[PDB]
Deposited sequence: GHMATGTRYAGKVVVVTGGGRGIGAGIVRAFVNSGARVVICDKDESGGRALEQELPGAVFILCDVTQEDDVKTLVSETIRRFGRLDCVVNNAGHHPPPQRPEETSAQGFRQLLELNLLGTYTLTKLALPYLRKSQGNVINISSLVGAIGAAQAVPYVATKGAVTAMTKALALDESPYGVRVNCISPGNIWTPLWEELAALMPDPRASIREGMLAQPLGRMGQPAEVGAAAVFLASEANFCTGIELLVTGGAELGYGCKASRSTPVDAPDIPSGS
């Protein structure tokens, strides 16, 4: 309850799923947390549940929403120590010829440019606090996936951007790192599985895709985030895999 005491953290998409687990992990560490989400339902309930967490409605694709997010965080808590760029989306499976340039642009707006915009607006305050940035990317940005060309491209961009910004901000003492989760059991996972012909088979396949034989939990991503913020003081520009081992391991005509 003291590892990140006195610190102020913003978690985008913190109303459910991974983001809510990150929120819980930081509150449990002693931090005050600002839950950003475009949806009221989960984040408002989370603010009532957790002393030390508050909810601010904010769509990270709307620059003026993000400006107000940052200015309200400073107005209410007087400092900013860590930004967790978790808001993002995975579309349903799509064959390459079923994708569109305009759909790709929209997904870039959320998964890439919303992370960019909050980070840019927060960096002046992070420099004052010697704070840090944590981006939530994905394993499939590193190794690829099927029926997801736009999603994979956006996460490859997030991981690379993390390394570029780590270089730029290192002279000012601001660390920039990312987490690449694999299959984490969240409402997004549940929603996508429900679109499949056999949802229960899809979930079983998802569980067995990891050597550890289960999907991950939001709380496990949250523990990795608290580590990066509070104890990884010589880490910058890293990609922390939270995947259960999915990337490990695997007539001529």
The answer, as deposited-sequence ranges with no C-alpha, is 1-5, 256-267, 271-274
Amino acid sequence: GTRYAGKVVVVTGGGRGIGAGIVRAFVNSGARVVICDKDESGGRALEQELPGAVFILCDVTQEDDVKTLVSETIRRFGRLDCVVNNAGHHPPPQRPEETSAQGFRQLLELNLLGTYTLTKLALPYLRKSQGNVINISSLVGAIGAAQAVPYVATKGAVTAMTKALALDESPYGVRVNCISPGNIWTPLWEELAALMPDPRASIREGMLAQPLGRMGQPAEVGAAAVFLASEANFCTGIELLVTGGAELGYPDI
From here on, numbers count along this sequence of modelled residues.
Comparing mean C-alpha B factor in the record for 222-230 and 63-71, the higher one is 63-71
Of 47-55 and 195-203, the stretch with the higher mean C-alpha B-factor in the deposited entry is 195-203
Based on the PDB entry, the highest CA temperature factor among the options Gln102, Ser137, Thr162, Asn132 is that of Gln102
Note to self: of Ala146, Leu80, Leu167, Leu113, the C-alpha temperature factor tops out at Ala146
Chain-relative C-alpha B factor for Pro181 (record values, thirds): the lowest
Among the modelled residues of its chain, the C-alpha B-factor of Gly216 falls in the third labelled middle
By the entry's values, the third containing the CA B factor of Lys155 is the lowest
Chain thirds by Cα B factor, record data; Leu208 belongs to the highest
